[PDB]
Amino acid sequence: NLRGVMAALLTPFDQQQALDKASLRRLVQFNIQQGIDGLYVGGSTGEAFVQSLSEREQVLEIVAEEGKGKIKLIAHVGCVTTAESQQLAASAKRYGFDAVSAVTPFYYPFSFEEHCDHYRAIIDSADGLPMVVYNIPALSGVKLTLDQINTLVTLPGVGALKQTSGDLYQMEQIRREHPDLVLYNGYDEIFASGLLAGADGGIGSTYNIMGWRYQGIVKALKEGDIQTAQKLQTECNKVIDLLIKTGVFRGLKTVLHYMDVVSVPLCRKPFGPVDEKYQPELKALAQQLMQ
């Protein structure tokens, strides 16, 4: 039942790179008002890999306060370490999330076997919340086969899969093998094609600023209005071109700033600031998005 359009929450930092809590609550509220189905918290987009476990627990707790039962809450609880994820998995329950998630452990080369035990351990610590297996070869460098994906997605406790892959053949194969699985599209750029291939919904960072567009694409496809599904996608794509040039996280934070949601558009070092040349475009887009 945790199927839908969900924003991969950005984590606002202040001038000295400390977590900015007011803008977090603010971004959460903004995201709710916009009409998004839920929030995926603490993932790549939430700059998790550049924060401590306690900073991560903090953000989890705050978005929980803010988000109770208004929307669906999902905690990316993953670290390279099983114990650390298990700790975050525990907090997630404590704070009342609806599920927990974890990237396939990166950097060190682990065996599929060790990946499966890792998921199992977290699911165990999640004490009840379903798991959302997180696939993203680009960043994790972990290449999974369809067989391995069938095995992972069948572990008891696993309730959904976040496909952050542009392979839409594999997308249809996964839907083919698992008709009832909540399969989420990870690349915003190909959202419409991912849904025609079998995704139920999607989790994305650009959902923070024009979430209604993606909600729009689903409506158009459900009604067979393909040309307007194509219109919304290309409009989303002209934004993604810009964001990729400016750097996605920082660029997103910038627009959100011009929308008076995020006090400081800073990402944490080693991320660098947005190039001044890009502001004109970013303010113009912040303005326009207030459509």
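Numbers for residues come from their place in the sequence shown, where the first is 1.
Higher mean CA temperature factor, per the PDB entry, when comparing 175 to 183 with 143 to 151: 143 to 151.
In this crystal structure, the stretch out of 38 to 46 and 60 to 68 whose C-alpha atoms carry the higher mean B factor is 60 to 68. If you compare the C-alpha temperature factors of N208, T164, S125, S111 in the entry, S125 comes out highest.
Out of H76, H115, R94, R213, it is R94 whose C-alpha atom has the highest B-factor in the PDB entry. The entry lists a Cα temperature factor for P105 that places it in the middle third of the chain's modelled residues. Per the PDB record, residue ranking by Cα B-factor puts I32 in the highest third of the chain.
In the deposited entry, the Cα temperature factor of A138 places it in the highest third of its chain's modelled residues. Ranked within its chain, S263 lands in the middle third, by CA B factor from the PDB record. When all modelled residues of the chain are sorted by CA temperature factor, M6 is found within the highest third.
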